[PDB]
Amino acid sequence: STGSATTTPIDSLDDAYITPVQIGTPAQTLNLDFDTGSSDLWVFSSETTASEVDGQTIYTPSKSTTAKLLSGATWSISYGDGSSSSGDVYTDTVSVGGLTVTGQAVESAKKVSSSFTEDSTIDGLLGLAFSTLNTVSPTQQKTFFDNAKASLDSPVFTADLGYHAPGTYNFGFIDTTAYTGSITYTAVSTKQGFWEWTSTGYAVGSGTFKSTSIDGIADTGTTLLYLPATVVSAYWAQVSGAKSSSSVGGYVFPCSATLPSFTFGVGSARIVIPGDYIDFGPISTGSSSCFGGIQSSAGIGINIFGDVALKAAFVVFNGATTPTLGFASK
Ligand SMILES: O=C(CCNc1ccccc1)Nc1scc(-c2ccccc2)c1C(=O)NCc1ccccc1
């Protein structure tokens, strides 16, 4: 089997991407944030505290004839950025772009934090990291990809995120027309439950490539590119007027200043992020100071190849016996 779904930016800044997902019988379609940095499929629901729902589409398990409650089961997640959610657990039929999994754990939110409430465009998350991170208790539940894997033509999914444009998540096949040149595959460590890999280095603009190992994760659920302070300082030093602002919580730059590209290494291959992918616009409405898309990982404790990086590439999440990651230019 295979599946193919369009993923769309939630706003003009590409802050996140949503993908339609069918849950239950008859189908209830919710727009979920596919997140390769976590492993829970959770949704706004009829059980969500009413004051914490503001415009989201909700899943109503009582109206699904295929929904089954896991009696006593709970889930609770705290994301790296402080946000959180928790609730109980059902199994139900879940389909993405034509690909169907029966018995998928659908985690119904009783509570969500303020950032989730304030974002009306995201109805939940669909985790695509390794299932060892899944928070369901007493029995850990598998991700949608893990459940579908055996049935897929090939045990893989791909992320093709657009810049200010729609893109595609494919399951079970590699669309050879979606990228240029070849796909370079690189080793993955699953020790932390992430699609964790080691980049071979970086360049800023037309500068010389610096060979250096950067361990980080391929994370579609994180907007920005978070790298070591030394690397980030080298990037913003090439931007006139750029400063790290303690009040804003990272690097900002004069909105009209030219942004150089940022190149990262995948083995001997190179992925080039165009300068404008790094522009996240005025820090507040009407300001001529703009937020930067490359930031230090020093406070986070882990380097993150988020949407800013991934959307410059066609990315293969290869779930073979020994998982690997593939990157191609496009
Ligand atoms: O990048 C984000 C959230 C992006 N989503 C978004 C939605 C609406 C408006 C704007 C943005 N948050 C960050 S920054 C850095 C991390 C992080 C990840 C792993 C480990 C340490 C830090 C996360 C994060 O927690 N991402 C998961 C997430 C969070 C909230 C919503 C969706 C996904």
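Residue numbering in chain A adheres to Swiss-Prot, whereby the residues present occupy positions 90-419 in order.
According to its header, this structure was worked out by X-ray crystallography, 1.5 Å.
Any Cβ shown, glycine's included, is placed from N, Cα and C.
Under the heading active site, Swiss-Prot lists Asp124 (among others). For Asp124 (active site), the Cβ neighbour count at a 10 Å cut-off comes to 21, with all displayed protein chains included.
Within the same chain, residues at least six positions away from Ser288 (active site) with a Cβ under 8 Å of its Cβ are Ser302, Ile303, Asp304, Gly305, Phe353, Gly354, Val355, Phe394. Among the features that Swiss-Prot reports, active site is placed at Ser288 (among others).
What Swiss-Prot records for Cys344-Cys379 is disulfide bond. Here the Cβ of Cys344 (disulfide bond) has 15 other Cβ atoms within 10 Å, regardless of which shown protein chain they belong to.
Positions annotated as domain 'Peptidase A1' by Swiss-Prot: 106-417.
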Counting across all protein chains shown, how many other Cβ atoms sit within 10 Å of the Cβ of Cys379 (disulfide bond)?
21
Cα of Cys344 (disulfide bond) to Cα of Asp124 (active site): how many Å, rounded?
30
Could you state the CA-to-CA distance between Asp124 (active site) and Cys379 (disulfide bond) to the nearest Å?
26
